[PDB]
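Here's the structure we're looking at; comments come further down.
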Amino acid sequence: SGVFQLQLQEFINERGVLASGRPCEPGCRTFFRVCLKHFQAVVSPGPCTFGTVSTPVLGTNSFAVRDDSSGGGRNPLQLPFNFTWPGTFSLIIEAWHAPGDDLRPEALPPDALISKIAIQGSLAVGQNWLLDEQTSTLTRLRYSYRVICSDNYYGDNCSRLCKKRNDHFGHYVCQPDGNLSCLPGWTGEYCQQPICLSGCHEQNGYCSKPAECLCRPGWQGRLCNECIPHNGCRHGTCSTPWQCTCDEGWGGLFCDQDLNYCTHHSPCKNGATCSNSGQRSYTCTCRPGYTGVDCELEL
Ligand SMILES: *[C@@H]1O[C@@H](C)[C@@H](O)[C@@H](O)[C@@H]1O
């Protein structure tokens, strides 16, 4: 399958005459009918096996085709086809005069024909336009053509569908041959599998988006490689999840029992000496001249 494209570039008709030799009135308002068919050795009537396409009026007498027009460089004529491109082809381009605004073949008399141009060709699929020119009796047509794949199709038979996407169902662009290429951060057959933050822990962390690391229960840190201590744990750490290994100077299952109230709180004042107590928290031994709970009162 594919699409035959045809550009019409320039048409010369300096006498402004029909194929009959009679002058167009008031000038040749020129449109084109295009018939594309399978190659045959001798030009003979028969159906247009690749189809027909027609243009509006593109100019009068002699003219260069504007880029906007159907047939111009930015809007070429297109004949799509579903079967195998046979390489060789016969192409018929008819220049017609429009005596009015009705371009249908039923409205036109047969002597409105300006010229009939037959082209025998052989072409491979590809992006390059082949330029050519045909001079009839008193007219001349410059045109160019090529065969390409319809949009998002690739391969010499245009059988490979690729269209880029960046959503929940895939993250990729299309290479020239129609094969996926993943956007950065993604892998998997259809570029749906995220690549986690480098270092993400293979058991304790995972990702759903590229370059993140989500932790499984009991783990923390950017790489999900650090255990979480027990929910009640105070002055304690862990090696594996939910432990509570007390810091130096603390005890209990939740590492909240102060094993050195004196150092951790420094209650005593005026240079007194602190000692721990299980009944009263601590005791301050005053220097000479001081009294009180914390030796804060001067004797
Ligand atoms: C503890 O006792 C008090 C009375 C002060 O003499 C301190 O210097 C000492 O460490």
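We name chains A, B, ... following the order of the structure tokens; residues begin at 1 in each chain, and ligands are numbered from 1 as shown.
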Check stretch 100-282 of chain A with DSSP on the backbone and list each residue it calls helix (DSSP H, G or I), as a PDB file with C-alpha atoms, in the first residue's frame.
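So selection-v1.pdb came out as:
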ATOM      1  CA  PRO A 110     -15.536  17.333 -25.311  1.00  0.00           C
ATOM      2  CA  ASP A 111     -13.708  20.160 -27.099  1.00  0.00           C
ATOM      3  CA  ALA A 112     -12.862  21.811 -23.748  1.00  0.00           C
ATOM      4  CA  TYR A 261      19.332  12.017  83.633  1.00  0.00           C
ATOM      5  CA  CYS A 262      22.269  14.103  84.863  1.00  0.00           C
ATOM      6  CA  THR A 263      24.165  14.269  81.568  1.00  0.00           C
ATOM      7  CA  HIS A 264      21.072  14.521  79.353  1.00  0.00           C
ATOM      8  CA  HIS A 265      19.430  17.403  81.267  1.00  0.00           C
TER       9      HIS A 265
END
**Request:** Please provide as a PyMOL selection string all residues within 9 Å of residue A:159, with the sequence filter that same-chain residues fewer than 5 positions apart are discarded (counting only C-alpha atoms).
**Result:** chain A and resi 1+149+153-154
**Request:** Throw together the list of residues within 7 Å of ligand 1, counting only C-alpha atoms and all ligand atoms, and drop it here as a list in words.
**Result:** residues 271, 272, 273, 274, 285, 286 and 287 of chain A
**Asked** Closest to residue A:259 among A:71, A:278, A:105, A:221, using only C-alpha atoms?
**Response** A:278
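Between atom CA of residue A:226 and atom CA of residue A:206 lies a distance of 14.2 Å.
Shell of residue A:181 at 10 Å, with only C-alpha atoms counted and residues fewer than 2 places along the chain excluded, is residues 164, 171, 172, 173, 174, 175, 178, 179, 183, 184, 186, 187, 190 and 191 of chain A.
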For the selection just defined, write its residues with C-alpha atoms to a file, as a CSV table (one decimal), in the first residue's frame.
chain,number,residue,atom,x,y,z
A,164,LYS,CA,4.7,8.2,18.9
A,171,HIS,CA,6.7,6.4,26.0
A,172,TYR,CA,8.5,6.4,22.6
A,173,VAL,CA,9.2,8.0,19.3
A,174,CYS,CA,9.5,6.3,15.9
A,175,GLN,CA,12.7,5.6,14.1
A,178,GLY,CA,9.1,2.4,12.0
A,179,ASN,CA,10.6,0.7,15.1
A,183,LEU,CA,12.0,8.0,25.7
A,184,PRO,CA,14.6,8.3,28.4
A,186,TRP,CA,11.6,3.8,30.0
A,187,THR,CA,12.3,0.3,28.8
A,190,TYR,CA,6.5,-1.3,24.3
A,191,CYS,CA,8.4,1.3,26.5
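Shortest atom-to-atom contact with residue A:62 among A:198, A:40, A:20, A:139: A:139, counting only C-alpha atoms.
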**Asked** In Å, with one decimal, what is the gap from atom CA of residue A:78 to atom CA of residue A:4?
**Response** 5.7 Å
Among stretch 122-285 of chain A, which residues does DSSP mark as strand (DSSP E or B) when it is run on the backbone? Keep the chain and numbering as in the structure and answer as a PDB file with N, CA, C and O atoms, in the first residue's frame.
ATOM      1  N   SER A 122       8.653   4.223 -13.906  1.00  0.00           N
ATOM      2  CA  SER A 122       9.151   3.155 -13.049  1.00  0.00           C
ATOM      3  C   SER A 122       9.817   3.801 -11.848  1.00  0.00           C
ATOM      4  O   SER A 122      10.773   4.562 -12.011  1.00  0.00           O
ATOM      5  N   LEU A 130      10.769  13.006  -8.265  1.00  0.00           N
ATOM      6  CA  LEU A 130      11.332  12.903  -9.605  1.00  0.00           C
ATOM      7  C   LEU A 130      10.717  13.997 -10.472  1.00  0.00           C
ATOM      8  O   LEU A 130       9.498  14.040 -10.654  1.00  0.00           O
ATOM      9  N   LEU A 131      11.563  14.866 -11.014  1.00  0.00           N
ATOM     10  CA  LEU A 131      11.128  15.998 -11.817  1.00  0.00           C
ATOM     11  C   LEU A 131      11.087  15.620 -13.291  1.00  0.00           C
ATOM     12  O   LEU A 131      11.957  14.899 -13.787  1.00  0.00           O
ATOM     13  N   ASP A 132      10.061  16.095 -13.996  1.00  0.00           N
ATOM     14  CA  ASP A 132       9.963  15.796 -15.417  1.00  0.00           C
ATOM     15  C   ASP A 132       9.154  16.872 -16.135  1.00  0.00           C
ATOM     16  O   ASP A 132       8.610  17.798 -15.527  1.00  0.00           O
ATOM     17  N   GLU A 133       9.102  16.744 -17.457  1.00  0.00           N
ATOM     18  CA  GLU A 133       8.495  17.748 -18.311  1.00  0.00           C
ATOM     19  C   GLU A 133       8.002  17.071 -19.581  1.00  0.00           C
ATOM     20  O   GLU A 133       8.618  16.117 -20.063  1.00  0.00           O
ATOM     21  N   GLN A 134       6.868  17.539 -20.091  1.00  0.00           N
ATOM     22  CA  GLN A 134       6.271  16.980 -21.295  1.00  0.00           C
ATOM     23  C   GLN A 134       5.778  18.130 -22.148  1.00  0.00           C
ATOM     24  O   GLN A 134       5.072  19.013 -21.655  1.00  0.00           O
ATOM     25  N   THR A 135       6.152  18.115 -23.417  1.00  0.00           N
ATOM     26  CA  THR A 135       5.785  19.157 -24.362  1.00  0.00           C
ATOM     27  C   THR A 135       4.847  18.533 -25.384  1.00  0.00           C
ATOM     28  O   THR A 135       5.267  17.682 -26.175  1.00  0.00           O
ATOM     29  N   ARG A 140       3.073  22.799 -22.723  1.00  0.00           N
ATOM     30  CA  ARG A 140       4.152  22.129 -22.013  1.00  0.00           C
ATOM     31  C   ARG A 140       3.828  22.080 -20.527  1.00  0.00           C
ATOM     32  O   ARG A 140       3.396  23.080 -19.949  1.00  0.00           O
ATOM     33  N   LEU A 141       4.051  20.924 -19.906  1.00  0.00           N
ATOM     34  CA  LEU A 141       3.766  20.739 -18.488  1.00  0.00           C
ATOM     35  C   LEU A 141       5.030  20.313 -17.753  1.00  0.00           C
ATOM     36  O   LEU A 141       5.666  19.324 -18.127  1.00  0.00           O
ATOM     37  N   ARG A 142       5.379  21.045 -16.698  1.00  0.00           N
ATOM     38  CA  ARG A 142       6.410  20.613 -15.765  1.00  0.00           C
ATOM     39  C   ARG A 142       5.738  20.061 -14.513  1.00  0.00           C
ATOM     40  O   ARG A 142       4.875  20.720 -13.925  1.00  0.00           O
ATOM     41  N   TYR A 143       6.135  18.856 -14.106  1.00  0.00           N
ATOM     42  CA  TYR A 143       5.528  18.185 -12.963  1.00  0.00           C
ATOM     43  C   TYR A 143       6.591  17.339 -12.278  1.00  0.00           C
ATOM     44  O   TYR A 143       7.693  17.141 -12.805  1.00  0.00           O
ATOM     45  N   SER A 144       6.238  16.819 -11.103  1.00  0.00           N
ATOM     46  CA  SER A 144       7.095  15.886 -10.387  1.00  0.00           C
ATOM     47  C   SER A 144       6.237  14.950  -9.539  1.00  0.00           C
ATOM     48  O   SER A 144       5.127  15.300  -9.134  1.00  0.00           O
ATOM     49  N   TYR A 145       6.756  13.752  -9.276  1.00  0.00           N
ATOM     50  CA  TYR A 145       5.972  12.745  -8.573  1.00  0.00           C
ATOM     51  C   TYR A 145       6.884  11.869  -7.718  1.00  0.00           C
ATOM     52  O   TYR A 145       8.109  11.868  -7.870  1.00  0.00           O
ATOM     53  N   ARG A 146       6.260  11.118  -6.811  1.00  0.00           N
ATOM     54  CA  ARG A 146       6.938  10.159  -5.942  1.00  0.00           C
ATOM     55  C   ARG A 146       5.881   9.292  -5.274  1.00  0.00           C
ATOM     56  O   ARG A 146       4.693   9.632  -5.263  1.00  0.00           O
ATOM     57  N   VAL A 147       6.329   8.169  -4.713  1.00  0.00           N
ATOM     58  CA  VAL A 147       5.484   7.276  -3.930  1.00  0.00           C
ATOM     59  C   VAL A 147       6.036   7.240  -2.511  1.00  0.00           C
ATOM     60  O   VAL A 147       7.245   7.074  -2.316  1.00  0.00           O
ATOM     61  N   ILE A 148       5.150   7.408  -1.525  1.00  0.00           N
ATOM     62  CA  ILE A 148       5.505   7.360  -0.111  1.00  0.00           C
ATOM     63  C   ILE A 148       4.404   6.623   0.645  1.00  0.00           C
ATOM     64  O   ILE A 148       3.342   6.302   0.100  1.00  0.00           O
ATOM     65  N   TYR A 153       3.228   5.156   8.585  1.00  0.00           N
ATOM     66  CA  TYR A 153       3.527   3.843   8.032  1.00  0.00           C
ATOM     67  C   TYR A 153       4.931   3.817   7.443  1.00  0.00           C
ATOM     68  O   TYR A 153       5.443   4.834   6.972  1.00  0.00           O
ATOM     69  N   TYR A 154       5.563   2.646   7.525  1.00  0.00           N
ATOM     70  CA  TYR A 154       6.987   2.502   7.269  1.00  0.00           C
ATOM     71  C   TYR A 154       7.242   1.152   6.617  1.00  0.00           C
ATOM     72  O   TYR A 154       6.415   0.238   6.690  1.00  0.00           O
ATOM     73  N   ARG A 160       4.253  -1.254   8.227  1.00  0.00           N
ATOM     74  CA  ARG A 160       4.615  -1.133   9.644  1.00  0.00           C
ATOM     75  C   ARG A 160       4.053   0.152  10.245  1.00  0.00           C
ATOM     76  O   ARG A 160       4.509   1.253   9.918  1.00  0.00           O
ATOM     77  N   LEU A 161       3.105   0.003  11.165  1.00  0.00           N
ATOM     78  CA  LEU A 161       2.476   1.131  11.842  1.00  0.00           C
ATOM     79  C   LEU A 161       3.296   1.533  13.062  1.00  0.00           C
ATOM     80  O   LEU A 161       3.542   0.707  13.948  1.00  0.00           O
ATOM     81  N   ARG A 165       4.018   8.188  21.206  1.00  0.00           N
ATOM     82  CA  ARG A 165       3.100   8.460  22.305  1.00  0.00           C
ATOM     83  C   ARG A 165       3.887   8.571  23.599  1.00  0.00           C
ATOM     84  O   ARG A 165       5.001   8.055  23.720  1.00  0.00           O
ATOM     85  N   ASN A 166       3.292   9.276  24.563  1.00  0.00           N
ATOM     86  CA  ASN A 166       3.925   9.573  25.829  1.00  0.00           C
ATOM     87  C   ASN A 166       2.823   9.669  26.891  1.00  0.00           C
ATOM     88  O   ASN A 166       2.529  10.726  27.440  1.00  0.00           O
ATOM     89  N   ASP A 167       2.181   8.540  27.173  1.00  0.00           N
ATOM     90  CA  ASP A 167       1.117   8.483  28.170  1.00  0.00           C
ATOM     91  C   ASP A 167       1.211   7.138  28.878  1.00  0.00           C
ATOM     92  O   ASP A 167       2.219   6.436  28.764  1.00  0.00           O
ATOM     93  N   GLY A 170       2.527   4.040  26.769  1.00  0.00           N
ATOM     94  CA  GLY A 170       3.810   3.941  26.099  1.00  0.00           C
ATOM     95  C   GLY A 170       4.558   5.257  26.056  1.00  0.00           C
ATOM     96  O   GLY A 170       3.936   6.322  26.127  1.00  0.00           O
ATOM     97  N   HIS A 171       5.890   5.209  25.938  1.00  0.00           N
ATOM     98  CA  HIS A 171       6.734   6.410  25.992  1.00  0.00           C
ATOM     99  C   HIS A 171       7.852   6.262  24.958  1.00  0.00           C
ATOM    100  O   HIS A 171       8.957   5.823  25.288  1.00  0.00           O
ATOM    101  N   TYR A 172       7.577   6.657  23.715  1.00  0.00           N
ATOM    102  CA  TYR A 172       8.525   6.380  22.647  1.00  0.00           C
ATOM    103  C   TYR A 172       8.291   7.297  21.451  1.00  0.00           C
ATOM    104  O   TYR A 172       7.202   7.841  21.263  1.00  0.00           O
ATOM    105  N   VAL A 173       9.335   7.436  20.633  1.00  0.00           N
ATOM    106  CA  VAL A 173       9.225   8.035  19.309  1.00  0.00           C
ATOM    107  C   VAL A 173       9.468   6.951  18.269  1.00  0.00           C
ATOM    108  O   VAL A 173       9.754   5.798  18.613  1.00  0.00           O
ATOM    109  N   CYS A 174       9.353   7.305  16.993  1.00  0.00           N
ATOM    110  CA  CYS A 174       9.476   6.349  15.901  1.00  0.00           C
ATOM    111  C   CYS A 174      10.764   6.616  15.142  1.00  0.00           C
ATOM    112  O   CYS A 174      11.052   7.765  14.786  1.00  0.00           O
ATOM    113  N   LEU A 180      10.162   1.213  17.398  1.00  0.00           N
ATOM    114  CA  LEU A 180      10.134   2.060  18.588  1.00  0.00           C
ATOM    115  C   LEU A 180      11.539   2.476  19.003  1.00  0.00           C
ATOM    116  O   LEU A 180      12.520   1.770  18.769  1.00  0.00           O
ATOM    117  N   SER A 181      11.621   3.640  19.634  1.00  0.00           N
ATOM    118  CA  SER A 181      12.796   4.057  20.391  1.00  0.00           C
ATOM    119  C   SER A 181      12.291   4.713  21.668  1.00  0.00           C
ATOM    120  O   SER A 181      11.542   5.693  21.603  1.00  0.00           O
ATOM    121  N   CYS A 182      12.681   4.174  22.822  1.00  0.00           N
ATOM    122  CA  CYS A 182      12.066   4.595  24.075  1.00  0.00           C
ATOM    123  C   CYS A 182      12.538   5.985  24.473  1.00  0.00           C
ATOM    124  O   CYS A 182      13.714   6.327  24.320  1.00  0.00           O
ATOM    125  N   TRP A 186      12.544   4.922  30.217  1.00  0.00           N
ATOM    126  CA  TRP A 186      11.610   3.838  29.970  1.00  0.00           C
ATOM    127  C   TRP A 186      12.300   2.688  29.254  1.00  0.00           C
ATOM    128  O   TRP A 186      13.278   2.888  28.527  1.00  0.00           O
ATOM    129  N   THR A 187      11.783   1.485  29.483  1.00  0.00           N
ATOM    130  CA  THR A 187      12.251   0.270  28.822  1.00  0.00           C
ATOM    131  C   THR A 187      11.051  -0.664  28.668  1.00  0.00           C
ATOM    132  O   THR A 187       9.897  -0.242  28.804  1.00  0.00           O
ATOM    133  N   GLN A 193       7.840   0.220  30.815  1.00  0.00           N
ATOM    134  CA  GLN A 193       8.436  -0.212  32.069  1.00  0.00           C
ATOM    135  C   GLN A 193       9.389   0.861  32.567  1.00  0.00           C
ATOM    136  O   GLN A 193      10.324   1.228  31.838  1.00  0.00           O
ATOM    137  N   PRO A 194       9.200   1.404  33.765  1.00  0.00           N
ATOM    138  CA  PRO A 194      10.048   2.512  34.210  1.00  0.00           C
ATOM    139  C   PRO A 194      11.394   2.026  34.715  1.00  0.00           C
ATOM    140  O   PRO A 194      11.533   0.918  35.238  1.00  0.00           O
ATOM    141  N   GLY A 205      12.719  -1.338  47.399  1.00  0.00           N
ATOM    142  CA  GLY A 205      12.184  -0.215  46.663  1.00  0.00           C
ATOM    143  C   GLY A 205      11.682  -0.620  45.291  1.00  0.00           C
ATOM    144  O   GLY A 205      12.075  -1.645  44.734  1.00  0.00           O
ATOM    145  N   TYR A 206      10.794   0.214  44.746  1.00  0.00           N
ATOM    146  CA  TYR A 206      10.288   0.035  43.390  1.00  0.00           C
ATOM    147  C   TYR A 206       9.963   1.406  42.809  1.00  0.00           C
ATOM    148  O   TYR A 206      10.087   2.435  43.483  1.00  0.00           O
ATOM    149  N   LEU A 214      10.200   4.323  45.322  1.00  0.00           N
ATOM    150  CA  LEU A 214       9.168   4.171  46.338  1.00  0.00           C
ATOM    151  C   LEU A 214       9.512   2.984  47.233  1.00  0.00           C
ATOM    152  O   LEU A 214       9.926   1.928  46.746  1.00  0.00           O
ATOM    153  N   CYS A 215       9.346   3.160  48.545  1.00  0.00           N
ATOM    154  CA  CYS A 215       9.799   2.166  49.509  1.00  0.00           C
ATOM    155  C   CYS A 215       8.669   1.221  49.881  1.00  0.00           C
ATOM    156  O   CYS A 215       7.510   1.629  49.984  1.00  0.00           O
ATOM    157  N   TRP A 219      10.879   0.562  55.197  1.00  0.00           N
ATOM    158  CA  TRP A 219      12.121   1.055  54.619  1.00  0.00           C
ATOM    159  C   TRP A 219      11.968   2.524  54.261  1.00  0.00           C
ATOM    160  O   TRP A 219      10.863   2.998  53.995  1.00  0.00           O
ATOM    161  N   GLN A 220      13.086   3.248  54.289  1.00  0.00           N
ATOM    162  CA  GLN A 220      13.098   4.682  54.026  1.00  0.00           C
ATOM    163  C   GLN A 220      14.434   5.066  53.400  1.00  0.00           C
ATOM    164  O   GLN A 220      15.316   4.226  53.196  1.00  0.00           O
ATOM    165  N   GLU A 226      17.284   2.024  54.065  1.00  0.00           N
ATOM    166  CA  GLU A 226      17.400   2.255  55.502  1.00  0.00           C
ATOM    167  C   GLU A 226      16.137   1.789  56.213  1.00  0.00           C
ATOM    168  O   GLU A 226      15.026   2.145  55.808  1.00  0.00           O
ATOM    169  N   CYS A 227      16.314   1.011  57.279  1.00  0.00           N
ATOM    170  CA  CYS A 227      15.190   0.502  58.053  1.00  0.00           C
ATOM    171  C   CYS A 227      14.479   1.627  58.800  1.00  0.00           C
ATOM    172  O   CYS A 227      15.066   2.672  59.106  1.00  0.00           O
ATOM    173  N   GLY A 236      16.473   5.398  69.861  1.00  0.00           N
ATOM    174  CA  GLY A 236      16.915   4.111  69.353  1.00  0.00           C
ATOM    175  C   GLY A 236      16.994   4.088  67.836  1.00  0.00           C
ATOM    176  O   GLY A 236      16.395   4.920  67.144  1.00  0.00           O
ATOM    177  N   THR A 237      17.748   3.112  67.329  1.00  0.00           N
ATOM    178  CA  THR A 237      17.953   2.867  65.902  1.00  0.00           C
ATOM    179  C   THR A 237      17.564   1.428  65.578  1.00  0.00           C
ATOM    180  O   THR A 237      17.145   0.662  66.451  1.00  0.00           O
ATOM    181  N   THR A 245      16.895  -0.367  68.934  1.00  0.00           N
ATOM    182  CA  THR A 245      18.168  -0.613  69.604  1.00  0.00           C
ATOM    183  C   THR A 245      18.633   0.691  70.248  1.00  0.00           C
ATOM    184  O   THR A 245      18.995   1.643  69.548  1.00  0.00           O
ATOM    185  N   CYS A 246      18.649   0.724  71.582  1.00  0.00           N
ATOM    186  CA  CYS A 246      18.786   1.987  72.299  1.00  0.00           C
ATOM    187  C   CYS A 246      20.129   2.662  72.042  1.00  0.00           C
ATOM    188  O   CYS A 246      21.174   2.011  71.978  1.00  0.00           O
ATOM    189  N   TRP A 250      20.270   4.931  77.226  1.00  0.00           N
ATOM    190  CA  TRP A 250      18.819   4.824  77.225  1.00  0.00           C
ATOM    191  C   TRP A 250      18.435   3.354  77.258  1.00  0.00           C
ATOM    192  O   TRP A 250      19.191   2.489  76.812  1.00  0.00           O
ATOM    193  N   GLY A 251      17.259   3.074  77.815  1.00  0.00           N
ATOM    194  CA  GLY A 251      16.811   1.705  77.936  1.00  0.00           C
ATOM    195  C   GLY A 251      15.312   1.615  77.770  1.00  0.00           C
ATOM    196  O   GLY A 251      14.632   2.609  77.509  1.00  0.00           O
ATOM    197  N   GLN A 257      13.782   5.303  78.533  1.00  0.00           N
ATOM    198  CA  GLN A 257      14.108   5.328  79.956  1.00  0.00           C
ATOM    199  C   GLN A 257      15.485   5.963  80.110  1.00  0.00           C
ATOM    200  O   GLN A 257      16.488   5.394  79.670  1.00  0.00           O
ATOM    201  N   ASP A 258      15.534   7.138  80.729  1.00  0.00           N
ATOM    202  CA  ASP A 258      16.778   7.893  80.840  1.00  0.00           C
ATOM    203  C   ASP A 258      17.720   7.195  81.815  1.00  0.00           C
ATOM    204  O   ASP A 258      17.469   7.169  83.025  1.00  0.00           O
ATOM    205  N   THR A 273      27.298  19.148  91.874  1.00  0.00           N
ATOM    206  CA  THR A 273      27.549  17.843  91.276  1.00  0.00           C
ATOM    207  C   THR A 273      26.256  17.043  91.224  1.00  0.00           C
ATOM    208  O   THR A 273      25.562  16.901  92.239  1.00  0.00           O
ATOM    209  N   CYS A 274      25.947  16.522  90.041  1.00  0.00           N
ATOM    210  CA  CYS A 274      24.694  15.836  89.767  1.00  0.00           C
ATOM    211  C   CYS A 274      24.863  14.330  89.928  1.00  0.00           C
ATOM    212  O   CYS A 274      25.872  13.760  89.505  1.00  0.00           O
ATOM    213  N   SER A 275      23.867  13.689  90.538  1.00  0.00           N
ATOM    214  CA  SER A 275      23.819  12.238  90.623  1.00  0.00           C
ATOM    215  C   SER A 275      22.398  11.775  90.325  1.00  0.00           C
ATOM    216  O   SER A 275      21.428  12.470  90.634  1.00  0.00           O
ATOM    217  N   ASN A 276      22.286  10.603  89.705  1.00  0.00           N
ATOM    218  CA  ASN A 276      20.993  10.106  89.263  1.00  0.00           C
ATOM    219  C   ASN A 276      20.228   9.467  90.422  1.00  0.00           C
ATOM    220  O   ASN A 276      20.807   9.012  91.411  1.00  0.00           O
ATOM    221  N   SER A 277      18.902   9.442  90.284  1.00  0.00           N
ATOM    222  CA  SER A 277      18.018   8.856  91.285  1.00  0.00           C
ATOM    223  C   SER A 277      16.803   8.246  90.598  1.00  0.00           C
ATOM    224  O   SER A 277      16.202   8.876  89.723  1.00  0.00           O
ATOM    225  N   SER A 281      14.466  11.412  90.244  1.00  0.00           N
ATOM    226  CA  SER A 281      15.129  11.781  88.983  1.00  0.00           C
ATOM    227  C   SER A 281      16.632  12.012  89.164  1.00  0.00           C
ATOM    228  O   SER A 281      17.446  11.303  88.559  1.00  0.00           O
ATOM    229  N   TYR A 282      17.008  12.997  89.983  1.00  0.00           N
ATOM    230  CA  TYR A 282      18.406  13.357  90.203  1.00  0.00           C
ATOM    231  C   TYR A 282      18.557  13.969  91.594  1.00  0.00           C
ATOM    232  O   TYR A 282      17.575  14.222  92.296  1.00  0.00           O
ATOM    233  N   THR A 283      19.808  14.235  91.971  1.00  0.00           N
ATOM    234  CA  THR A 283      20.137  14.930  93.211  1.00  0.00           C
ATOM    235  C   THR A 283      21.337  15.838  92.983  1.00  0.00           C
ATOM    236  O   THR A 283      22.342  15.404  92.416  1.00  0.00           O
ATOM    237  N   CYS A 284      21.236  17.083  93.439  1.00  0.00           N
ATOM    238  CA  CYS A 284      22.310  18.062  93.306  1.00  0.00           C
ATOM    239  C   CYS A 284      23.055  18.209  94.631  1.00  0.00           C
ATOM    240  O   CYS A 284      22.437  18.461  95.670  1.00  0.00           O
ATOM    241  N   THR A 285      24.383  18.051  94.586  1.00  0.00           N
ATOM    242  CA  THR A 285      25.261  18.250  95.740  1.00  0.00           C
ATOM    243  C   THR A 285      25.889  19.633  95.632  1.00  0.00           C
ATOM    244  O   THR A 285      26.747  19.868  94.773  1.00  0.00           O
TER     245      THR A 285
END
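Between atom CA of residue A:255 and atom CA of residue A:233 the separation is 6.1 Å.
Proximity of A:90, A:224, A:244, A:75 to residue A:202, computed with only C-alpha atoms, is greatest for A:224.
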**Fill in**
Counting only C-alpha atoms, the residue among A:74, A:216, A:235, A:209 that lies closest to residue A:6 is A:74
**Message:** If we count only C-alpha atoms and set the cut-off at 7 Å, which residues sit around residue A:51, ignoring sequence neighbours fewer than 3 positions away in its own chain? Please answer as a PyMOL selection string.
**Reply:** chain A and resi 35-36+48+79
